[PDB]
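The data below hold one chain only, encoded as structure tokens and taken in the form deposited in one PDB entry.
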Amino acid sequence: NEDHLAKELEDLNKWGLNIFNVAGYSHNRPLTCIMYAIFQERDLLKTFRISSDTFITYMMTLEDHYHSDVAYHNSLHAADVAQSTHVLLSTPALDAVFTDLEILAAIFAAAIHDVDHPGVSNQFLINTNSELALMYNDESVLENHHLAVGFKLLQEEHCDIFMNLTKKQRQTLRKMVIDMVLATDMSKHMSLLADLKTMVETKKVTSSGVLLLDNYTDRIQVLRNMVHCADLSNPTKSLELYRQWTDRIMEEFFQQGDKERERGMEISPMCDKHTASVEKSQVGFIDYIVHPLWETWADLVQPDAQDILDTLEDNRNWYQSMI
């Protein structure tokens, strides 16, 4: 059990760590396990003076606020996005670019980015006049909610993992976490990608081949896009992992479609279990959203995302051939 978990964690810094196996060998606590592994690996507990007790207590409470009965948006997805963000932060083209605070903020943002997900989209909550949609004026409804829950849990007993940060560090980390979690709202996708394309068109590179960022706006725009990339990373993983993610998301999508049908609402795209094709949906999703994003990311950090983009294109063509 312990030796098996240790074997899986040999791939902690690698794309396509088997987070499903990590969940199995950690007794369904992948987020707490992988976050403790990541924080020890990066010396984040030492650097920001976080005790193991305080970190574990917060992470266990955070993981408890992910819904076990939802198929996709549970703590396994959060753990996957955190570990993928951890890998993207160590991409050679971004070496020595980001501060320790920015690294902390990105991994934390990824860990909390879907906390307390009900298993339905923003459009469902807007169209049903949900309390959450009312609270946030239909704007990034769930993403605002994820931030609210993630931050409020820091105020629980023995849970303030940012207690030993400076005042300016706490204020700046709050801003950056908000930016990165809000960047997972699909409504901001086209604007984020447009900014990413602009940075690629006007990128400054060193002799060693490292990206140069002049100001805070350029840094946060890359970090926003990084977490967005990590959130949309399932199709870029090895096919056996990607197929498992596809099974989970379609189960959650069909459950929303069932709720929409019984309420007498119009069923959302990819959510009608009677008519929808899993294979067509993935190919369409890759072509219009995931591939444009990752191709632009690959251009920013060239050649570091070459195998990732190749995997995305191979998985796209495989799924297309199964239509």
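Throughout, we count residues from 1 along the sequence that is shown. Only residues modelled in both forms are compared. If you superpose the two forms and keep the largest set of C-alpha atoms that fall within 1.5 Å, you have the rigid core.
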For 307-315 versus 21-29, entry-based mean Cα B-factors point to 21-29
Between 271-279 and 59-67, which has the higher average C-alpha B-factor in the PDB entry? 271-279
Which has the highest CA B-factor per the PDB entry: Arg261, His291, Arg49, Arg42? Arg261
When you compare the CA B-factors of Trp245, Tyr216, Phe151, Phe108 as listed in the entry, which one comes out on top? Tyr216
Ranked against its chain, the third holding the CA B-factor of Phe98: middle
Among the modelled residues of this chain, does the Cα B factor of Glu143 put it in the lowest, middle or highest third? lowest
Temperature factor at the Cα of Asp114, chain-ranked in thirds, falls in the lowest
For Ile286, does the deposited CA B-factor place it in the lowest, middle or highest third of the chain? lowest
Quick one: classify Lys197 as lowest, middle or highest third of the chain based on its Cα B-factor. highest
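Another form exists, deposited in another entry; not displayed. Remarks below refer to it.
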Sole residue of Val283, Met270, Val70, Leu44 shifting 2 angstroms or more in CA between this form and the one not shown, core aligned: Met270
As a test: superpose on the rigid core, then list the runs of at least 3 residues whose Cα atoms all move 2 angstroms or more between this form and the one not shown. 261-272
